[PDB]
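Worksheet: one structure, shown below.
Number of protein chains: 10
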Amino acid sequence: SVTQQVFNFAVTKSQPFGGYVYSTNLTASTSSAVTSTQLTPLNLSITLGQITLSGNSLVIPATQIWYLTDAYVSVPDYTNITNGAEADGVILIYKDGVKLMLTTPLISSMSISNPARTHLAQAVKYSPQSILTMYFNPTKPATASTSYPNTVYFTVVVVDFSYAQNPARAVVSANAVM
Amino acid sequence: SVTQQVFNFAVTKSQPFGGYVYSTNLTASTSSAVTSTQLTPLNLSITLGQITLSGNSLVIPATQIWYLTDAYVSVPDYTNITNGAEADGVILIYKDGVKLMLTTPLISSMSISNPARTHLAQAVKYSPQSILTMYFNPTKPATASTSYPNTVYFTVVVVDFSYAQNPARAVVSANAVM
Amino acid sequence: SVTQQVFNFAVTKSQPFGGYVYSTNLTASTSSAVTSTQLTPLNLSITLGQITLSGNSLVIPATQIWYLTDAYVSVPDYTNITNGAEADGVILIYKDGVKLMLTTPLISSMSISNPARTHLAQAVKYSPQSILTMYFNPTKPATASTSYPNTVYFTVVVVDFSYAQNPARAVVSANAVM
Amino acid sequence: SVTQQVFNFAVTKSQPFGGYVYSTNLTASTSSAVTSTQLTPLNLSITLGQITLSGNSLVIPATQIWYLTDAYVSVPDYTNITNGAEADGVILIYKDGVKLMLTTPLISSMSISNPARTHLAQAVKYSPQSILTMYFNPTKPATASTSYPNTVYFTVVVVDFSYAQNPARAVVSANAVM
Amino acid sequence: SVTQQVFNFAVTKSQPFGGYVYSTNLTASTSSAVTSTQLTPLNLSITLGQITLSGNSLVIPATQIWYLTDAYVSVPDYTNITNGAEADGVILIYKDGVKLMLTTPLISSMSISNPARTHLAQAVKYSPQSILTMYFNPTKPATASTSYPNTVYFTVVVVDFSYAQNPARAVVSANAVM
Amino acid sequence: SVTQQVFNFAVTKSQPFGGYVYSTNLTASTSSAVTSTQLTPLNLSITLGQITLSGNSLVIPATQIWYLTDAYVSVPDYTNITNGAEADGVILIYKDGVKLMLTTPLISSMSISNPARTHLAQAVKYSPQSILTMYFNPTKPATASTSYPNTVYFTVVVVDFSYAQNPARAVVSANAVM
Amino acid sequence: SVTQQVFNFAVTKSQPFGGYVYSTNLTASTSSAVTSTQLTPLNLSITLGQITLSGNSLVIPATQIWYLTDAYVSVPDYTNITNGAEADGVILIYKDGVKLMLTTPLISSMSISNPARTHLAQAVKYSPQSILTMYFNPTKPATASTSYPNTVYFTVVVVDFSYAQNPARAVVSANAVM
Amino acid sequence: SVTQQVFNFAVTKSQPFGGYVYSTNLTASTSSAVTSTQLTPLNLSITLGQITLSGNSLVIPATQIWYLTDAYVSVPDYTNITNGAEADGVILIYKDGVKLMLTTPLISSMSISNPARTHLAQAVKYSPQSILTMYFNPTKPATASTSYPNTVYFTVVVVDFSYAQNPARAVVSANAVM
Amino acid sequence: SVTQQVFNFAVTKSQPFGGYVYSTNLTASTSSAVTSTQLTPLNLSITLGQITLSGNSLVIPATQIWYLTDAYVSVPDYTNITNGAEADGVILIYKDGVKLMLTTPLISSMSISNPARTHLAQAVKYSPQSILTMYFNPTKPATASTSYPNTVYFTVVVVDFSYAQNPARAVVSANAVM
Amino acid sequence: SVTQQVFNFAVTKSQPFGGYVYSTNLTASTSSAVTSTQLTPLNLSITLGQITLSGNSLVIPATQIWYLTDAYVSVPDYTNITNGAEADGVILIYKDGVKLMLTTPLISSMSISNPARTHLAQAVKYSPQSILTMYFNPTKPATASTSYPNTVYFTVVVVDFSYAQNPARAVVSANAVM
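Just so you know, the protein sequences line up as chains H, J, o, r, Q, K, M, S, L and I, in that order. Residue numbers for the first sequence follow the entry's author numbering, so the first one is 4 and each next one is one higher. Residue numbers for the second sequence follow the entry's author numbering, so the first one is 404 and each next one is one higher. Residue numbers for the third sequence follow the entry's author numbering, so the first one is 204 and each next one is one higher. Residue numbers for the fourth sequence follow the entry's author numbering, so the first one is 804 and each next one is one higher. Residue numbers for the fifth sequence follow the entry's author numbering, so the first one is 604 and each next one is one higher. Residue numbers for the sixth sequence follow the entry's author numbering, so the first one is 604 and each next one is one higher. Residue numbers for the seventh sequence follow the entry's author numbering, so the first one is 1004 and each next one is one higher. Residue numbers for the eighth sequence follow the entry's author numbering, so the first one is 1004 and each next one is one higher. Residue numbers for the ninth sequence follow the entry's author numbering, so the first one is 804 and each next one is one higher. Residue numbers for the tenth sequence follow the entry's author numbering, so the first one is 204 and each next one is one higher.
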């Protein structure tokens, strides 16, 4: 229960400034059968409104604070990994292009069917506007024919301040406190 | 796992005002084999009245307070997902047609056959009349021929107030305290 | 003189607050030759501006109070019941789906061709918006070929607060006085 | 004709203790073509949730107070009484197996096609658990060949107490005043 | 400059209580080639969440105040009305299913292809929960073969309150002063 | 661990008045291959003295307090649902024939051969003498030849009071103090 | 953790009088392919000093206190039940041959591999000298050829006073408090 | 003259701090013949020093304040829409990529030749540095061969503070006032 | 799962006396395919300097305090149990050859492929020199031809005191407080 | 949730001194087909700026504090261990070339394909420069032809002090607080 402490913290702290906390899914898709070297995953986040913030390098909006909490891999993707239908490796998580903060431990290991699934080391906080980007470093790449792209799901805790009041003073006071 | 706590919370709070607490079954089902993009699941709720509330966008009746707690996916759906007979993805939960408050974590991973079947994080409140509506965001959609529609069953805790002295004044006094 | 007593009671109580009191013929028709089990009549009320509120489980408009007072059965229905061209049985009357208030005593004996037609037990009031569903539990069903659906006419005293100077909370404020 | 006075006597007296008043249908039927002497009618009451109490000597459940108010005989019995296809006579109504409380006035004269349809004198109150049994004492028995059994329908006012704060001390305090 | 006045009137009153004023587009479509009598169009608003709130008789949720302010008909519709490919007529705009509020002047004449098209008479507000429903009363129906359904677009100013600090009585406090 | 909390709660309250708390097993059997509509399962409990309280509409004895706590389905029943040898559906639980208590979520999904089966929502109490009745509302019914009746096992915590110093009213005072 | 709450309770109370607390495994094995009616399983406990208390109806020695805490079925025994190679059923647990205290919920359900496995209802204290005996009431008996016996394991927390200073007044002083 | 109320508002408030106010024309051009679903147009502003801020997602510099005042469609584009040579639809206007503020009413309607052209709903203030993006959700897409891309013109009032003494302290004192 | 709680208990308490805490692996293996009765496993521990204490009934060195925490069974052993190639049963743990201190819960249920893998209850503290012997009590022994010996691995925490200022007087004061 | 315990300890203890905490995947691989005796796996850690500390017996750089936390084995290794393509065994973990602090429990049981993977005993911290060496002590070595090297992945938390205003003596000053 590492997401739930973040959720209770975002509910408790962002309430007096006026703050709308919810949780969503982010999909990292490394397309087109990675087999040789380090590639770049297509990020795709779904916030309120069906905006579908897609493509590489999702800039956080100037009124929100994001919290990347956990990540996992779906069970047919794990079946494709262990049979050599798609590549295994790690995912490096960057902030503002320079700051490496996490390396996901070997995405074959974080299958959701295992109760002994290894998690991320920490829930990474993204401030107002900053460049979230990820990279896929493959070890033991895809070998068999008819290969499939890689997909890794993340869980984001979005704390919104845009609909509250003048959102600038609220978001800077909240990012100072929490 | 939260469905036993919000039931026990609903019983001990509505008793100063008088009220049913009971649980029903909600079925959300997208029509006809989602393969491309975001579709709409058809909600179908049954209540004590032997009355179906079909179609999209169910309206909560004027004296009830619902609670959306958990969800699960049966085994004949989960064998269709891994064989590519139907689409994976998440399900978005809207209130009043504007607000987004949850995203169900990857309907393959809340299947009844996964030993780590995941639950929903927190229960969704619904006051007197408001518009519950849902949307299905497909990631890795259906590819195989002779595909099948999705079906994801939910669990709603219903707090009826029809047996009080006046059901209209009682339900607007308990909606503030619960 | 049971319709005229609650009509006179409504027009003396809803009159200081503004009340458009009138009567309406309601129709409930269980469709297509009921022969085995518990069926469902399709409700129909013909309200003031010729709007035909149809379908099962009529939802009461937000500014109205209804009063189900009488029930009868036409002569071409009753001459078909005794010949086995349609089914007998009772009719259950619900409120919010959960509260049973009446059971109509044997719609063949509520016919109008008999000079001592039996009446209902009580006039059941009906608040602002609240569901009204009816259920048909047939005993001695239809036997002969070329059968016909049932038709049971009711008679409802409608109170209406739409054209007064106050919203849908003054309707409830004048409902608890009654 | 007495059903409307005792129903308003129930919804007013059983209201400060919490009381859910509604009406049902009871069917008494002597089996197998009464032609000589004292017969026994087979009672059949139908409470809400398809609770079919059957057989002779029904017992009132420990949360309800019954009232037996009126009776009627349908027309194809009354056209069989006058032709000697079934027996005439009265019906004796017992309580606790000891007291004789009423005698229904000549079941041929309570037919639904009599312009002077005779009703019952006063409604007989039934407390929690108490045996309601009936008896049929035929005068002018059945004489024609191919006879038919008798059927006399009743109408019961049921005062349920399942929704009070204390369903046991509410009944034994409301039985004293009603 | 009629919708720009009620949009400015909303943002001067939704400011002290919180509130999210935004403009939408409502699409009423009488399906499948009306040729004889009065039909019912399928109302379909598109809110912030790309919510296809479909079906007849939309319900305004408990935290929103709508304003129906405009109507127009596109050019490919208007070339079909004059050609006899779909029906002409007016559209009745009902509140709660009871009140008639307005009547549109002859939907072929509020086309957008003409430089001085007709307008509505007043901007109809809608309070918290009320049933917005419409009806299409055809005059000069479709005559030739391969006919088309009607479609008439509207323009709604929606005053939302779901993101306020307590969206339960802020919407009933601002409904008074507006 | 759901029965083990309501068991320890029962032995904590019923001990200073005397009380024989123990656990039984109840078997509900929808007879002979349901394929169309709502049917009636045969309740069959086994109390201490090999007394088989059978038949529909069980009456709880006057000296016992039952607790319905758990439900599950054996493996050769669950392999009959998936092959179409018996019907799926839900189970409605009515207390006193009026009050609905719960609705079991889809008896194929509380099978015991799955590692993550679903649970009930709350432990239902049943007072001194009361009528427990159940109904099986089938969805996706049986289709194959040589079909079988349904069977769903429960688990009852029974608080017997027959061996106290005076077992007449102590069973209801200890019912109310819980 | 029901066994751990008794183990931490036994070492707290039996410590000042001096008392050896440890856990063991009691094996009730119904002999040779139960197929028709009620059987009697051979209990077999393994205490400390190389001794094996076998046979039915184990007499507890006068210096020990036993606590029957949990019950489970091994995985190769669960495979034999679901294939019909051995019988299913429940287990009756008696004290002094007479008092029925528990009934195990359907031993096919309590397979140790499933994490959602229903346990015993409560940890049963067995006093100094007092007979422990069990019975196996089968339902769905063994059908297949080459059938097998039944085996259900148990976990007993055993408190011992035989090495104390005065084994008479240590037991009767610790049986009261503990 | 909604721009002239804004242009005379900008030259009055930004004058004590020193600030350049002028108007320009922003071009939203969906590329290459939208025919199926939602696309994204390329914003293209023309600032002072001969630059063309092309590409999606215009970033406001840290010294400027923008105002989106009206919208229209050129007459050769309105000829191409009504003849089916390019697509019709609405346009969504976002602030910070998330907050929807307007939905332009059906861009075929706002042709500059009609005097009865529906304008933009409101003049949107775009704060300092903050993403501006637009989307085009088509209805009745382009059908005819040799189709053309879309173009929708906008009028932007640019308030500029880059020539003050301190361009940091000038904006943050005038963004609060204006 | 108890390994991490006893490890920090050692490195906190044995640290003021001078203490060197680490972990190792113990291998217990009964030879030659147990099929009849109680067997003896060959203990084999590996301390740091390849100190291979082997054979039955190991002796603890005079400056260490051991801790036996968990145990596990690998999958090529678990597929031999369910195929009948090696025996099931529990393992009894003695200290000084006299006291029985623990019983490992059914080594087929301690396997590494059980999603509910059972651990040991409490770690058994082993002082300086104290004969650690184990025994295997087989229930349902091996039946198939070509059977295999058992192998059950353990986990030992060793608290060494070889580096204190007086290694003999340090243990006898640290064993007294740990 | 053992990696996140020392990661949260690192980010709150190295924060007043200035410290950039992140995670890193480590690799240890015994080269070229271990078959008889004790071998040596080649360590390989990739710190963020693509400098690859390789070879046996890594030296920690002067401004970093490491924490060796997790270990696992990928699935193409675990299919090779059980099939005799590479060796089983344990791994010993040293520090400063003198201290043994861990032993991994039989790396084939530390595989990731099993739902009950066993973990390490404790998170081993690592000071500024101190040699980190590992040794492979195999049991049951490689048997089959075409054998493979071993690979065991780790997970290390790296604390980095490169951005402070103090040289490498603040690092050991923050090693004195941790």
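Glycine included, C-beta positions come from ideal geometry on N, C-alpha and C.
(request) Could you pull the start and end residues of the beta strand (DSSP E) that K/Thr630 belongs to? (result) 629–633
(message) If the cut-off is 9 Å on Cβ atoms, which residues from the region 543–567 of chain J count as contacting chain r, listed in chain order?
(response) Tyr566
(request) Determine whether the Cβ of J/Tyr423 lies closer than 8 Å to any Cβ atom of chain o. (result) yes
(request) Within the region 476–528 of chain J, note down every full beta strand (DSSP E) run reaching 3 residues or more, in order along the chain. (result) 491–498, 502–507
(message) Distance cutoff 8 Å, beta carbons only. Does J/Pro464 sit that close to anything in chain o?
(response) yes
(message) For a contact defined as C-beta to C-beta under 7 Å, what are the partners of M/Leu1045 on chain L?
(response) In chain order: nothing, as chain L lies at least about 12 Å away.
(message) At the level of alpha carbons, what is the spacing between J/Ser514 and L/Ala971?
(response) 59 Å
(message) Quick check on J/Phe412: does DSSP put it in helix, strand or coil?
(response) helix
(message) I'd like to know whether the C-beta of o/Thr240 is nearer than 8 Å to at least one C-beta of chain K.
(response) yes
(request) Quick one: using the 10 Å Cβ neighbour count with 16 as the cut-off for buried, is H/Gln67 buried or exposed? (result) buried
(request) State the Cα-Cα distance for the pair K/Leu705 and J/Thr549, rounded to the nearest angstrom. (result) 37 Å
(message) Is Q/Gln732 close to chain B? Criterion is C-beta to C-beta, closer than 8 Å.
(response) Reference to chain B is not applicable here, since the protein chains of this structure are H, J, o, r, Q, K, M, S, L and I.
(message) Given a cut-off of 8 Å on the beta-carbon distance, is the pair o/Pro244 and o/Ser257 in contact?
(response) no
(message) Does chain J have any CB closer than 8 Å to the CB of K/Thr627?
(response) no
(request) Could you please tell me which residues of the region 94–112 of chain H, in chain order, have their CB closer than 7 Å to any CB of chain I? (result) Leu103, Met104, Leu105, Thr106, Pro108, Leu109, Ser111, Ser112
(message) Looking at the secondary structure, which residues open and close the beta strand (DSSP E) in which Q/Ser730 lies?
(response) Looking at the DSSP string, Q/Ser730 is not in any beta strand (DSSP E), and its letter there is neither H nor E.
(request) Using the Cα positions of o/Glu289 and r/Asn846, report the straight-line distance between them to the nearest angstrom. (result) 26 Å
(request) State the beta-bridge partners of M/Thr1055 as determined by DSSP. (result) M/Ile1049
(message) DSSP has S/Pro1141 in a bridge; who is on the other side?
(response) S/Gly1092
(message) Bridge partners for K/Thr758 per DSSP, in chain order?
(response) K/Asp673
(message) Starting from Q/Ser626, trace the beta strand (DSSP E) in both directions and tell me its first and last residue.
(response) 623–626
(message) Check this for me: beta carbons of H/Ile110 and H/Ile96, under 8 Å apart or not?
(response) no
(message) When you compare the CB of Q/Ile684 with every CB in chain J, is at least one pair closer than 8 Å?
(response) no
(request) Return the chain-ordered list of same chain residues with a C-beta closer than 6 Å to the C-beta of H/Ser165, the five sequence neighbours on each side being excluded. (result) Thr66
(request) Answer yes if the region 346–363 of chain I comes into contact with the region 220–237 of chain I, meaning at least three C-beta pairs across the two stretches below 8 Å, and no otherwise. (result) yes
(message) Could you tell me the alpha carbon to alpha carbon distance between Q/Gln725 and Q/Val775, rounded to whole angstroms?
(response) 23 Å
(request) Count the other CB atoms, across all protein chains shown, that sit within 10 Å of the CB of r/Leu903; report buried if there are 16 or more and exposed otherwise. (result) exposed
(message) Please confirm whether H/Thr121 has its beta-carbon closer than 8 Å to some beta-carbon of chain I.
(response) yes
(message) Strictly under 8 Å for the Cβ-Cβ distance: is residue 574 of chain Q near chain H by that measure?
(response) Given a span of 604 to 781 for chain Q in the structure shown, any question on residue 574 of chain Q remains unanswerable.
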